[PDB]
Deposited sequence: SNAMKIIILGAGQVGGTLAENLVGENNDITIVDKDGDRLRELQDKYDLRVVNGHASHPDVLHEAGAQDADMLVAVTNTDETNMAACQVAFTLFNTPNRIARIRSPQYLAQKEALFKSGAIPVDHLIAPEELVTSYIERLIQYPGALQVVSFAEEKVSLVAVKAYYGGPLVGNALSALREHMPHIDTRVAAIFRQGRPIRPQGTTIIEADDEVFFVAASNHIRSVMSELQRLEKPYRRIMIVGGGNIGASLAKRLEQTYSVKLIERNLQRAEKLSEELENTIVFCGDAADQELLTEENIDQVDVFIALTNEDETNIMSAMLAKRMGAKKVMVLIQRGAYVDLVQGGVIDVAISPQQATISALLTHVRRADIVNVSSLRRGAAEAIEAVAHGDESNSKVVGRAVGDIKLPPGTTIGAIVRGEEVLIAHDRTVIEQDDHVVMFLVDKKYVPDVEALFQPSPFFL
């Protein structure tokens, strides 16, 4: 009865996916040619390993493709991913084939190649598109440091950083709720590298990252009633004319004043040609003389998107020191995203982290829980679906205030069809509600699953 998932590729994405999925209700097999890496994973987690080339029939067979419920293709190459989905489909009829695709040349023919059945991938996960769209999303919500997405698209969290003199600091959460009885509440707080469970007694301090629940169509409204929506950004500076930076420039250049700095001379000329309303410089990312010549002191958002984490961090730190109001950096790993952001560096984004979020939108734990895009050390936000009527459930027909939750766990909101309800103690759960929670420690996710399990499961 546990769902069977095969993950092809033991890289950072494949391994982190396995970490978030393994449990009594999801059985994991991971495939790679690096035996040292497989051994490490099998020590950490309860899963099966197969050493071999991910798209070979014998390797897929040994990994259990004939009986698997999902295949996740996150190997080194787009072509091995596509081959593996094809071979698995043809020889084993494996359902739910999902692939990471990095090459924009394939993504330009999405419909013709991947929706027609020519290459039989059910879902494509395109890291560079996800990162570009995510940065654009932050830019449209001036003042926001993070927007949290769920499988259930209609609800979001938005985070703002509390500051000396700001409208949030020094207030208890219970008092917050009485000053403004807004369609929001605090879903989570992070303070000095630690998650903080929101309580009535919780007092917001300077430098807290405070996450607010909001319907996805209501983000501006909430930020505005919180007094935390800023005026639109105007001057954007991008460092790195690679795929992400060039695509971002194109999308921003008509409404913002964009400047872009590319280190490679040949690339810089091509982009100068191609980006008609962006001013392109050939120069180094962390050149003081250039940044002052280009009025870095007036930049609203400095966005460092090179291939090198170090260059991005150092150029953003410099940009911040020189008076850019906000800085954002591309970093490879999500473990590092926790470490880098929240101080001098306003926003850190990982293509790997974005890929994992998208993958988690397509796979549920126990058919109940989707893990959201907020995952920081042990803490994360999730949503859970409440299946069954009151006689087939432990939570349907109960009030939020009577539900006994695991430690460090809070319910922030409920999605009921189309409606987003902010949770209160008297809120009664209804059949097929999606319940949004924050957990300080994800080891209690299995306890959420068990709680929401309907009778027919037993």
property	result
Deposited-sequence stretches lacking C-alpha coordinates, listed in sequence order	1, 183, 461
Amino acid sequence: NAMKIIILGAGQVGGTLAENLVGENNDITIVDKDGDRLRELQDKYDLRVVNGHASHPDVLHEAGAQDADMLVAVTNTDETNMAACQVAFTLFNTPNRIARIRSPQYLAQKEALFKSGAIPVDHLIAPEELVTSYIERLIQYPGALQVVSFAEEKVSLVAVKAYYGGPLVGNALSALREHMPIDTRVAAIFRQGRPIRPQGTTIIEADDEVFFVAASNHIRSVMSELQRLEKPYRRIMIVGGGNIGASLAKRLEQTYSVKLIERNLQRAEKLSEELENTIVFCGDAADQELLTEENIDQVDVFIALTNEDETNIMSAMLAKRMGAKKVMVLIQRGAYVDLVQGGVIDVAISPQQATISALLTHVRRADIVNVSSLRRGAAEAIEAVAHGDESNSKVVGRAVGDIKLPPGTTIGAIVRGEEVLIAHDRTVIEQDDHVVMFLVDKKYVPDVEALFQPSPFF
From here on, numbers count along this sequence of modelled residues.
item: 171-179 set against 129-137, stretch whose average Cα temperature factor tops the other in the entry; value: 171-179
item: 447-455 set against 4-12, stretch whose average Cα temperature factor tops the other in the entry; value: 447-455
item: C-alpha B-factor winner, where the candidates are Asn277, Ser372, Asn93, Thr80; value: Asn277
item: Candidate residues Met223, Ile238, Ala187, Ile203, the one whose C-alpha B factor the record puts highest; value: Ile203
item: CA B-factor placement of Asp58, once the chain's modelled residues are sorted into thirds; value: lowest
item: Chain third (lowest, middle, highest) by recorded CA B-factor, residue given as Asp69; value: lowest
item: Third of the chain, ranked by Cα B-factor, where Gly242 sits; value: middle
item: CA B-factor ranking of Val50, expressed as a third of its chain; value: lowest
item: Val396 - Cα temperature factor, lowest/middle/highest third of chain; value: middle
